[PDB]
Amino acid sequence: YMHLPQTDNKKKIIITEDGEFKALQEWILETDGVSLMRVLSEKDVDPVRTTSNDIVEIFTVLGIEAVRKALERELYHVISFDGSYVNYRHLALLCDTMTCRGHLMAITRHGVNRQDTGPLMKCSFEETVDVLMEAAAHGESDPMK
Amino acid sequence: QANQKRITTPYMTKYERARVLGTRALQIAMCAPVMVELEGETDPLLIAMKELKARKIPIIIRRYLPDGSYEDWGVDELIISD
Amino acid sequence: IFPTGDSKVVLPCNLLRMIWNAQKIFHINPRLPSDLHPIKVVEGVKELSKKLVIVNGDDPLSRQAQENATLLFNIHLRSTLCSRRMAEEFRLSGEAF
Amino acid sequence: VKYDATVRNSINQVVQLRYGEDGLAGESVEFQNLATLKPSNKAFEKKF
Amino acid sequence: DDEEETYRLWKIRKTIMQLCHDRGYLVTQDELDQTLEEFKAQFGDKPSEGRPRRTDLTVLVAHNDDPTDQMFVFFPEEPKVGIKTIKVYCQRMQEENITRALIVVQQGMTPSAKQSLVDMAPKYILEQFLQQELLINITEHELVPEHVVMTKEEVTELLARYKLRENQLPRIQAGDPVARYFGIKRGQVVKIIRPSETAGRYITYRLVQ
């Protein structure tokens, strides 16, 4: 799709020779689907400000820190769309703690239970019998912290 | 540790405030000595507040750093947030 | 750090309200000249910034961490407490400062 | 938050060096205006 | 065609010099800043049987601290790089008594060639980069913050300061594109300087695993 943005978030903003910010309208392209890597590789495509909505694609292309920043931005966008505001501390904590382990932590049984955290707190949240079976089979010890 | 090298926030915070007030109130409620003169007060909590304002708590707070080493603080060196 | 000209940012202390409270607590008259040496303000804000510590320490790494943590508050503080701004807009006195 | 003011997980994994990158709790923060980013170079020099 | 191949090679070379400079190497400023016309005039014009042959584009550069590492990037010509190519590359890798070298694959590399690279590099460290990987410098992207590799003594100083352990620090995957771009072995720590709208700047530490 082709459309000049009106909200200042997607509008070109630069420092003028006088130092004042000037709201400059520039063409932008929004595409259904994601081919982020080839899109960046393409000619006449800004490699700096281009981004995406998919998380696994941007993870595989840029890196875990890019996942942090992009996911924080996107969560801020979705929460703030309806006008309700939340402090940056909580979003930062959630995005860090998903990205603290070096891979995309999904907040599900498939992500939470695969940590070094103790079996007891694992069993409180889903898979509640398989966790104890695994711990007993492996003789895992819970630090109780 | 010794007197020197004592690194930690010297602001006795709200959590230890609540804990110290509660424990001192319980102690006085069990017929324990009072640290400051009192003029017709009977509620343990109110006298606990007044004697904390007098800054004469007979309790030292032991603080657990994440590494494992403790760090002891007396109340009277700590300055109240209020 | 801040593209898009988003000047709205969250900081601990509302400096403008604090200055206004000082003004209307010490009855400072904005019309008359004040007695506030700008260097007094300079070392005042510097000493204050020294006494605000998030990363307590003295080694270079801890010092850099403290500077990074307190950069936004320190920069906003210096902006609001500038010598010319205090001289003209606020017109506080020494005890007020 | 442990008493090193470092946010940590259950098993002592540093999640954030300081809470919210600044160590400031959320109950005592306010909205403010920097009043230095927006003004132009000429206005900045005039006003500071 | 020839023009698009020239553009791709120019971008790949510019990104390779950027990678070398970020890693820290004797990369001249002029070499870092090469225009398309400069590339045409310097390493020949049209590719596809012209002066560019995908063999003369190899780059030799020494390290800043000690001019003996001599990192040396390759440029295979085949669409797929098959074991005999790695063998001759290893012969040249040993002959010029260097230690570090890179490979820029065009399309892909075989499972057996990956196996040879990983197992046969305790002494001759080698890295993989697909051709499309080098058409953009990931560091210049807005989202990716600045990365800095920390030396071992600095890491020890950090651990002493915060009284942590290596395991306790945040972890970053060894296969992350940024880590591959910086070419950092497991066990190292990378300092991260990102902007924050609540503190002005945040120092974060990732320990590769």
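Residues numbered from 1 in each chain as written, not as in the entry; some residues may be left out. Chains lettered and ligands numbered in written order. Part of a larger assembly, values for the part shown. Heavy atoms only, no water.

Method of determination, as annotated in the archive: cryo-EM, at 3.4 Å resolution.

K.L.:
Go over helix α3 (residues 64-80) of chain A, please, and point to the residues and values.
P.N.:
Its 17 residues place the ends of α3(A) 24 Å apart at the C-alpha level, agreeing with the 24 Å of an ideal helix rising 1.5 Å per residue. All buried positions along α3(A) are accounted for by A:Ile64, A:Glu65, A:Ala66, A:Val67, A:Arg68, A:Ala70, A:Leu71, A:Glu72 and A:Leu75. (Helix = DSSP H or I, 4+ residues; strand = E, 2+ residues; numbered from the N terminus. Expected span 1.5 Å × (residues − 1). Buried < 20%, exposed > 50% of the residue type's maximum accessible area, 1.4 Å probe, protein only.)

K.L.:
Before we move on, could you go through the sheet that holds strand β6 (residues 125-130) of chain E and cite the residues and values that matter?
P.N.:
All names here are of chain E. Taken together, 4 strands build an open sheet; the order of strands is β1-β2-β4-β6 and the sheet is mixed. The sheet terminates laterally at β1 (59-61) and β6, the two strands that pair on one side only. If you compare each strand with its neighbour and ignore which way they point, the axes differ by 15° on average. Sheet topology note: the strand β4 (residues 100-105)/β6 ladder contains 6 bridges and is parallel. Counted as the bridge partner of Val104 is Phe129 from β6. (Pairing = 2+ DSSP bridges. Axes fitted to C-alpha atoms, helices over the stretch in contact; angles between N-to-C directions.)

K.L.:
How would you explain unusual backbone geometry if you had to name every residue and give the values?
P.N.:
Peptide bonds are trans in most cases, and residues, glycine excluded, mostly fall at negative phi. Residue and element names in this part refer to chain E. A positive phi angle, close to 65°, is found at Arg54, a residue other than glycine. Structurally, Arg54 can be placed in the loop between α3 (36-42) and β1. Despite not being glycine, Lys163 has its phi angle at roughly 55°, a positive value. Mapped onto the fold, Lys163 is located in the loop between α6 (152-162) and β8 (171-172). We classify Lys163 as partly exposed; its relative accessible area is 43%.

K.L.:
Go over the side chain of D:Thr6, please, and point to the residues and values.
P.N.:
Residues and elements named next belong to chain D. Turning to its location among the elements, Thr6 is positioned in the segment before β1 (7-8). Since its relative accessible area comes to 1%, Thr6 is described here as buried. Other than its neighbours up to four places away in sequence, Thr6 contacts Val1, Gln16, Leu17 and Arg18. (Contact = heavy atoms within 4.5 Å.)

K.L.:
Quick rundown of the state of the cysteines? Include the residues and the values.
P.N.:
Taken as a whole and judged by the stated rule, the model has 0 disulfides over all chains. The thiol sulfur of C:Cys13 is not disulfide-bonded, and the nearest other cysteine sulfur, from C:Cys82, lies at 19 Å. Given a relative accessible area of 33%, C:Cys13 falls into the partly exposed group. In this structure E:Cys90 is a free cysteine whose sulfur lies 19 Å from that of E:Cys20, the closest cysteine sulfur available. Assessed through its relative accessible area of 16%, E:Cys90 is described here as buried. (Disulfide = S-S within 2.5 Å.)

K.L.:
Can you lay out the interface of chain A and chain E for me, pointing to particular residues and giving the numbers?
P.N.:
Contacts between chain A and chain E engage 31 residues on the former and 26 residues on the latter. In total, about 2,500 Å² of surface goes out of reach between chain A and chain E, with carbon and sulfur atoms giving 59% of it. Contact with chain E buries area across many residues of chain A, yet A:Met37, A:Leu62 and A:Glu65 alone supply 26% of it, more than any other trio. Applying the counting rule to chain A against chain E returns 2 salt bridges. A:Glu65 is the partner of E:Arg206 in a salt bridge, and the nearest nitrogen-oxygen pair spans 2.5 Å. At the surface where chain A touches chain E, the tally comes to 8 residue pairs in polar contact. (Buried area = accessible area lost by both parts, 1.4 Å probe. Salt bridge = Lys/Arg side-chain N within 4 Å of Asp/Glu carboxyl O. Polar contact = N/O pair within 3.5 Å; in protein donor to acceptor, adjacent residues only side chain to side chain.)

K.L.:
Explain the domain arrangement of chain E to me, and be specific about the residues and the numbers.
P.N.:
Residue and element names in this part refer to chain E. Per the domain assignment, the segments making up chain E are domain 1 (1-136) and domain 2 (137-209). The C-alpha centroid of domain 2 is placed 26 Å from the C-alpha centroid of domain 1. If you look at the interface, domain 1 gives 12 residues, while domain 2 gives 8 residues. Carbon and sulfur atoms supply 49% of the area buried between domain 1 and domain 2, which totals about 910 Å² over both sides. Three residues, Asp22, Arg23 and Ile136, lead the burial of domain 1 against domain 2; their summed loss comes to 42% of the area buried on that side. Here domain 1 and domain 2 share 1 salt bridge between them. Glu133 is the salt-bridge partner of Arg180, the closest N and O atoms lying 4.0 Å from each other. Applying the counting criterion to the domain 1 and domain 2 interface returns 7 residue pairs in polar contact. (Domains from an automatic or database assignment.)

K.L.:
Could you give me a rundown of the pattern of salt bridges, with the residues and numbers involved?
P.N.:
Counted by the stated rule, this structure contains 28 salt bridges over all chains. Here B:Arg17 ties to B:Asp82 by a salt bridge, and the two come within 3.1 Å at their closest N and O atoms. Taken together, the positions of B:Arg17 in helix α1 (residues 14-29) and B:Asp82 in the segment after β2 (70-74) put the pair 65 residues apart, joining distant regions of the chain. The exposure class of B:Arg17 is buried, given its relative accessible area of 16%. Given the relative accessible area of 77%, B:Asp82 is considered exposed. Here D:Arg8 ties to D:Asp4 by a salt bridge, and the two come within 3.9 Å at their closest N and O atoms. Of the two residues, D:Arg8 and D:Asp4, neither departs from the other in class, the shared state being buried. When salt bridges with common partners are traced through the structure, they connect A:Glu65, E:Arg194 and E:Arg206 into a single cluster.

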